[PDB]
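To start, the structure under review is shown below, and the notes come after it.
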Amino acid sequence: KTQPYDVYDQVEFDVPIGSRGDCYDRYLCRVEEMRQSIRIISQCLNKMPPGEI
Amino acid sequence: XXXXXXXXXXXXXXXXXXXXXXXXXXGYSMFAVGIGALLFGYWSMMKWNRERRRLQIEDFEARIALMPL
């Protein structure tokens, strides 16, 4: 969200942040990353301008 | 004509959907079947032990009846 690399902020991102610094909540956010990652891949399929490689 | 990779989304695969939900068991209803099986369990078992008593006294009666033994 802070530093764009190649066409960012235009794609909708969801970042999971917990509360406790234990191993379980540090695992839950990784699965929550995985469920909120297809949103980016679907938006990548939605926006594809044909041109140079 | 230029042919490149085409874009397709259609249904968008549904971005983050919950699949985990409460099924079968509710809470209080499981205790009615749980403790209910226990009360049915003892009542069925103890009636057989009363039927065992019919055999028990009759088994020991054979020893009393047999004196030539």
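Protein chains in written order, with the deposited numbering: chain D, 271 to 323; chain Z, 5 to 73. Even for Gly, the Cβ is constructed at its ideal location relative to N, Cα and C.
Rounded to the nearest angstrom, how far is the Cβ of residue 310 of chain D from that of residue 283 of chain D, given a contact under 8 Å? Counted from its first residue, the first sequence places residue 310 of chain D at position 40. Counted from its first residue, the first sequence places residue 283 of chain D at position 13. Going by Cβ atoms, the distance from residue 310 of chain D to residue 283 of chain D rounds to 7 Å, so yes, they are a contact pair.
Alpha carbon to alpha carbon, how far is residue 67 of chain Z from residue 56 of chain Z? Here residue 67 of chain Z corresponds to residue number 63 of the second sequence, with the count starting at 1. Here residue 56 of chain Z corresponds to residue number 52 of the second sequence, with the count starting at 1. Computed Cα separation, rounded: 18 Å.
Could you check where the alpha helix (DSSP H) with residue 59 of chain Z kicks off and where it finishes? Stepping through the second sequence from its first residue, residue 59 of chain Z is reached at position 55. Looking at the DSSP string, the run of the alpha helix (DSSP H) that includes residue 59 of chain Z is 32-69.
Using a Cβ-Cβ cutoff of less than 6 Å, which residues in the same chain neighbour residue 301 of chain D once the five nearest sequence positions on both sides are dropped? Residue 301 of chain D sits at position 31 when you count from the first residue of the first sequence. Within the same chain, and ignoring the five residues on either side of residue 301 of chain D in sequence, no residue has its Cβ closer than 6 Å to its Cβ.
Opening and closing residue of the alpha helix (DSSP H) in which residue 297 of chain D lies: Taking the first residue of the first sequence as position 1, residue 297 of chain D is located at position 27. Looking at the DSSP string, the run of the alpha helix (DSSP H) that includes residue 297 of chain D is 295-305.
Using the Cα positions of residue 37 of chain Z and residue 53 of chain Z, report the straight-line distance between them to the nearest angstrom. Along the second sequence, one-based indexing puts residue 37 of chain Z at 33. Along the second sequence, one-based indexing puts residue 53 of chain Z at 49. Their backbone Cα atoms lie some 24 Å apart in a straight line.
Would you kindly work out how many angstroms separate the C-alpha atoms of residue 280 of chain D and residue 31 of chain Z, rounded to a whole number? As a first step, residue 280 of chain D must be located in the first sequence, where it is residue number 10. As a first step, residue 31 of chain Z must be located in the second sequence, where it is residue number 27. A direct Cα-Cα distance of roughly 46 Å separates residue 280 of chain D from residue 31 of chain Z.
How would you write the range of the alpha helix (DSSP H) that residue 290 of chain D sits in, first residue to last? Walking along the first sequence from the start, residue 290 of chain D turns up at place 20. In the DSSP assignment, residue 290 of chain D falls outside any alpha helix (DSSP H), carrying neither H nor E.
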